[PDB]
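**Student:** In terms of the authors' numbering, the sequence shown is residues 1 to 166. Sending over a structure as structure tokens; questions will come in a sec.
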Amino acid sequence: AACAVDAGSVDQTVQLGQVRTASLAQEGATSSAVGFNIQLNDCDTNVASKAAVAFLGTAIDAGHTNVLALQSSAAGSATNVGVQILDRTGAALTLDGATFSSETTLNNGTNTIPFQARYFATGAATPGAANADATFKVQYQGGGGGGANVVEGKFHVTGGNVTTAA
């Protein structure tokens, strides 16, 4: 409660564009990264000096706990690729709702915590839609153990497509 999550951040979406299978041909290949942020308003640094964000979603498998599984689709979604959420240090965050981003240091009032989303291949990707969803929670570093916003934010990736094309 040191801050409030901006309503525009509480339910938001990133679109990653179109990716070639040739660009996701082996584990660890990545698509281009697109930025987003979590905006906090009305921050009171009497209460908290720093904020961080954790993300929860279904991971693609046990060996890739920081890769978000894609939603199924009638036409067949891409396989061997999911979505990563990168914090300000470039690290992809484990999607267990308990692995927090590095901290953003706050001023009073409005602050933005920067992130990126990208596709990450776990193998040789195959073509199809590549949409994903996650939830997020904001935690503060402040007195008495800090605090947390009671809101559960929603993050979405839509408009994504993996194709086999030149």
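In this text, a Cβ means the ideal position worked out from N, Cα and C, and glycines have one as well.
Under 9 Å between C-beta atoms, does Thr110 make it to chain C?
**Tutor:** Looking at the structure shown, chain C is missing, and only one protein chain is on hand.
**Student:** Quick check on the DSSP output: the alpha helix (DSSP H) that includes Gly8 runs from which residue to which?
**Tutor:** Counting along the chain, the alpha helix (DSSP H) containing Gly8 begins and ends at 7-10.
**Student:** Taking only three categories from DSSP, how would you classify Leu24?
**Tutor:** Correct three-state label for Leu24: helix.
**Student:** With DSSP run on the structure shown, which of helix, strand or coil describes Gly90?
**Tutor:** Coil.
**Student:** Spatial neighbours of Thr158 within its chain, please: C-beta separation below 7 Å, excluding the five flanking residues on both sides.
**Tutor:** Cβ within range, chain order: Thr13, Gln15, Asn131.
**Student:** How far does the beta strand (DSSP E) with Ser49 in it extend, from its first residue to its last?
**Tutor:** Note, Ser49: beta strand (DSSP E), 48-56.
**Student:** What are the boundary residues of the beta strand (DSSP E) that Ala59 is part of?
**Tutor:** 59-61 is the span of the beta strand (DSSP E), which, as asked, contains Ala59.
**Student:** Note down, in chain order, each residue of its chain lying with its Cβ closer than 8 Å to the Cβ of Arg20, except the 5 sequence neighbours on either side.
**Tutor:** Around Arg20: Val162, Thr163, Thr164, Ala165, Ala166.
**Student:** Could you spell out where the beta strand (DSSP E) holding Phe136 opens and where it closes?
**Tutor:** That run of the beta strand (DSSP E) goes 132-142.
**Student:** Within a Cβ cutoff of 8 Å, which residues of the same chain sit near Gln71, ignoring the five residues on either side of it in sequence?
**Tutor:** Closer than 8 Å at Cβ, skipping near neighbours: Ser77, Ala129, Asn131, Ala132, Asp133.
**Student:** By a C-beta neighbour count over all protein chains shown, 10 Å radius and 16 as the cutoff for buried, is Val138 buried or exposed?
**Tutor:** That one is buried.
**Student:** Do the region 140-152 and the region 113-120 meet, that is, are 3 or more Cβ pairs less than 8 Å apart?
**Tutor:** They do not touch, by the three-pair rule.
**Student:** Determine whether the beta carbon atoms of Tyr119 and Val47 lie at a separation below 9 Å.
**Tutor:** Their beta carbons are not under 9 Å apart, which means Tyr119 does not touch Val47 by this criterion.
**Student:** Report the residue from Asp6, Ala22, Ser31, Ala25 whose alpha carbon sits nearest the alpha carbon of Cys43.
**Tutor:** The shortest C-alpha separation from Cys43 is found at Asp6.
**Student:** How close, in whole Å, do the beta carbons of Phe100 and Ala52 come, if the pair is a contact with beta carbons under 8 Å?
**Tutor:** Correct: roughly 4 Å between the Cβ atoms.
**Student:** Is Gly145 helix, strand or coil by DSSP?
**Tutor:** In the structure shown, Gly145 sits in a helix (DSSP, three-state: H, G or I).
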